[PDB]
Amino acid sequence: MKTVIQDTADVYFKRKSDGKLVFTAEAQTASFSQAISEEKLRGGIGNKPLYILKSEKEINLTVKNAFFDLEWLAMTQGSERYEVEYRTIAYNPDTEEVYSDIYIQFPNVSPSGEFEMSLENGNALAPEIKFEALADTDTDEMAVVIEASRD
Amino acid sequence: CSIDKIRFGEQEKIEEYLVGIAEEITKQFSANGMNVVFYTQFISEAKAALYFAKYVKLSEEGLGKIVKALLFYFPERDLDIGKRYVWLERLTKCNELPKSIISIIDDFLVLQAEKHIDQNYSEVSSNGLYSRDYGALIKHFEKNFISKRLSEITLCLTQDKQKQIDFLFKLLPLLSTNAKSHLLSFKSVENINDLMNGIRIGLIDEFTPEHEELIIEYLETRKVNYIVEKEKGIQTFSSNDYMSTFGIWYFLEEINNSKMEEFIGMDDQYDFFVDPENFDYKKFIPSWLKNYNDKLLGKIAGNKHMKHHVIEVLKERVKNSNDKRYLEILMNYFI
């Protein structure tokens, strides 16, 4: 009870064309990253405003669990998008009450794992999974926040 | 660290190193037989080698060798065309680009165009993926690449589908005039946009006509979004913008209409461009413009009547950071 700041998050996954649901109870790492750095261009034309800025804004998401679930090994055994619906909460420093719920959802996200765990103690084996948000050539396809806590 | 500064040695053999990685990839993925028990090993170190190459030299042989495979033999599971594109410049950062690479990359772009012509394929990546990036880049080297015969082999089509109809808009500067001719034969520009690309490579400035419906309908159908968004509450920051792309146009003097201060609402970046003398200063942020483009921002930060707070912003960021970028920014264009 001295200094025990610790929260929880719930994370869901779905592939398109069906109401898919792969989920985790927690995400210990939950590293979100936003890296932005430009290219080396030296066209050097006076009558050419560049104003390039950026339009990539890459995201990075990571979850960990012991859950591949069980039923999709079943049925699934018997682009391929892996859309993710996050579920988190927030608290007011003034009121510290349960009043807000945070959702994060994407229409284009794919996993990206490093297939070399190969680690030299059989650990608890919390199969860390690294992710990636992909972007089609249509429009938007980034996020939806579903801010709650109306009052 | 700035590895670019460091000196190099024994360049001779690392050339064989990288050609060996290239030929290994070719042999492994070239035939029907592909072992994934092999794929779970150093596949990754193969990309690791294809990277820290910039910061290393490359004669015609080595650079040709890497480009063959990089455009030909790597599986799509670990490779999207976007990260391919990103990887190919940085190979060309530390050397030149001869006729050979032009030839091979053009072969890539045409047959990859022939790869995507499908009822379903959407050509996804975490960059957007208009190998109009490739077209413009090759245009950036040398004077011109009129696309020789690849132009024609890209022109030869019929009624068909709509894929190539707008897809070929990627490579128009690397095309002949008959490209624009039989483009005018059907459907010049209706994409709700066109700017996104044409303003990026070909049109850019000097002419922004009365495009009429575009921005007007943008605001018309975004006011209702504003209402139904702020009333219920959602705040998604979905990565697609045109309000900012026209707000920057507003003070760039490219847009001189008086219909700009309308939205109010969100995107304090838009307020930042469009509201000089009453802008909300309790929204200090080292972003938006911090994504500093170049001189357009020298004019942006001209702001004779507003500098006093931005200099304290520089205080806050440069002082409380060892990051070299922010002070490299601070010195000149803010002076």
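Parameters and conventions
Residues numbered from 1 in each chain as written, not as in the entry; some residues may be left out. Chains lettered and ligands numbered in written order. Part of a larger assembly, values for the part shown. Heavy atoms only, no water. Helix = DSSP H or I, 4+ residues; strand = E, 2+ residues; numbered from the N terminus. Buried < 20%, exposed > 50% of the residue type's maximum accessible area, 1.4 Å probe, protein only. Areas by Shrake-Rupley, 256 points an atom, 1.4 Å probe, with all protein chains shown as cover. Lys, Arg positive; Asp, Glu negative; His and termini not counted. Charge placed at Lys NZ, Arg CZ, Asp CG, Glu CD. Contact = heavy atoms within 4.5 Å. Salt bridge = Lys/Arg side-chain N within 4 Å of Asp/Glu carboxyl O. Nonpolar A, V, L, I, M, F, W, Y, C, P; charged D, E, K, R; others polar. Patch = residues over 30% accessible without salt bridge, like charges linked within 9 Å, V, L, I, M, F, W, Y side chains within 5 Å. Axes fitted to C-alpha atoms, helices over the stretch in contact; angles between N-to-C directions. Parallel < 35°, antiparallel > 145°, perpendicular 65-115°, else oblique.

The deposited coordinates, according to the entry record, derive from cryo-EM at 4.40 Å resolution.

K.L.:
Would you mind going over the overall build of chain A in detail, with residue names and values included?
P.N.:
Looking only at helices and strands, one finds one helix and seven strands in chain A. Along its sequence from the N terminus, chain A presents helices and strands in the succession β-β-β-α-β-β-β-β. Classification of the 151 residues of chain A by burial places 29% in the buried group. Element-wise, carbon and sulfur atoms account for 58% of the exposed surface of chain A, whose accessible area totals about 10,600 Å². Computed over 15 positive and 28 negative side-chain charges, the inter-centroid distance for chain A is 6 Å.

K.L.:
Outline the interface of chain A and chain B, listing residues and values.
P.N.:
Counting from both sides, the interface comprises 33 residues of chain A and, opposite them, 37 residues of chain B. Put simply, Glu38(A) and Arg325(B) hold a salt bridge, and the shortest N to O gap is 3.0 Å. Each residue belonging to the side of chain A that touches chain B can be placed in one class, and the counts come to 16 nonpolar, six polar and 11 charged.

K.L.:
Would you mind going over a nonpolar patch on the surface in detail, with residue names and values included?
P.N.:
Residues and elements named next belong to chain B. Residues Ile3, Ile6, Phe8 and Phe52 make up a contiguous nonpolar surface patch of about 370 Å² in total accessible area. With respect to the helices and strands, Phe8 occurs in the segment before α1 (11–30). Given the relative accessible area of 39%, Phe8 is considered partly exposed.

K.L.:
With reference to specific residues and values, describe the packing of helix α4 (residues 60–72) of chain B against helix α5 (residues 81–91) of chain B.
P.N.:
Residue and element names in this part refer to chain B. Across the interface, α4 lies against α5 with an axial gap of 11 Å and an inter-helix angle of 170°. The pairing of α4 with α5 is recorded here as roughly antiparallel in orientation. From α4, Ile66, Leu70 and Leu71 reach across to α5, where they touch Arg84, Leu88 and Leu91. By residue class, the composition of the contact of α4 with α5 is five nonpolar, no polar and one charged.

K.L.:
An account of α5(B) is needed here, citing residue identities and associated values.
P.N.:
Residue and element names in this part refer to chain B. For α5, the tally of buried residues reaches nine of 11 residues, placing the bulk of the element in the interior. Buried within α5 we find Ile81, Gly82, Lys83, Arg84, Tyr85, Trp87, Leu88, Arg90 and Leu91. On its buried face, α5 is in contact with α3 (43–51), α4, α6 (99–116) and α7 (133–140).

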